[PDB]
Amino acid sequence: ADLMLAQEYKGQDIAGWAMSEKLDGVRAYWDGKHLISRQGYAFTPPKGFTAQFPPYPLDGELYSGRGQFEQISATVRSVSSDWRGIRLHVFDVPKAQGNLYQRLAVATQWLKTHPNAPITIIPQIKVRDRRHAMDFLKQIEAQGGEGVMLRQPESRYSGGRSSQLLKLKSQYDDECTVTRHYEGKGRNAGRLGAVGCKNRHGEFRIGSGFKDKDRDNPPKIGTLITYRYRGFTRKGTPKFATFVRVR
């Protein structure tokens, strides 16, 4: 119903937090009877897939292995497919009592007595400091992983955006709406130095990633563009914002 949503990591201290690998699957909320997607609609898996799920809710990601998102998404969006290989990788037991580790223990005992259920408890590792998190992320991207998830253990499960569940990657990518053009200095005078962009993060400039043709023929105001970035600024806006392509 009310799905706990993750923010992006900005620089908060995470000493004592619980980190895990960020899985590139499909979000699924188990309400004790149905698998509910982020859009609020129920999935339609084969009968017997959820037959050995617990009668209480579970929040997790429908996942199989690395680099398989397209295969997963295609499999779950159908009503004539095989879900073998797809499991619900659980990252919290929404309605249980205690800290994160005590809530997950509830689902762990269910797996003990239901070993053929297609469920997996996501390992949660204790975080020392920011350097440790970057280290864990560093080796995850090496194995082909996508990033790291950081969770405040003592926190509870709440719906909506939360500062206790943060995404951590080395290179993010998003989209924004071009709002304004800014003339460049020196050898970019009379043409584009940076564009103004707008999205859920507010307004900010993008000055890098532009060819010379892009600077002579910049993207129209109101156009949706894509851009990479790593980390955020003290103002709370994308850092190292690099233009990629249009649309």
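Heads up: residue numbers just count along the shown sequence, starting at 1.
When the C-alpha B-factors of 21-29 and 7-15 are averaged, 7-15 comes out higher. Two stretches are in play, 84-92 and 167-175, and the higher mean C-alpha B-factor belongs to 167-175. The maximum CA B-factor among the listed residues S162, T120, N99, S73, taken from the PDB record, is found at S162. Highest C-alpha temperature factor among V106, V79, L150, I125 per the entry: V79.
Among the modelled residues of its chain, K138 has a C-alpha B-factor that falls in the middle third according to the deposited record. Among the modelled residues of its chain, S37 has a C-alpha B-factor that falls in the middle third, as given in the PDB entry. Ranked by C-alpha B-factor against the other modelled residues of its chain, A189 falls in the highest third. Sort the chain's modelled residues by C-alpha temperature factor and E203 lands in the middle third, per the entry.
In this PDB entry, the Cα temperature factor of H181 sits in the bottom third of its chain's modelled residues, the lowest group.
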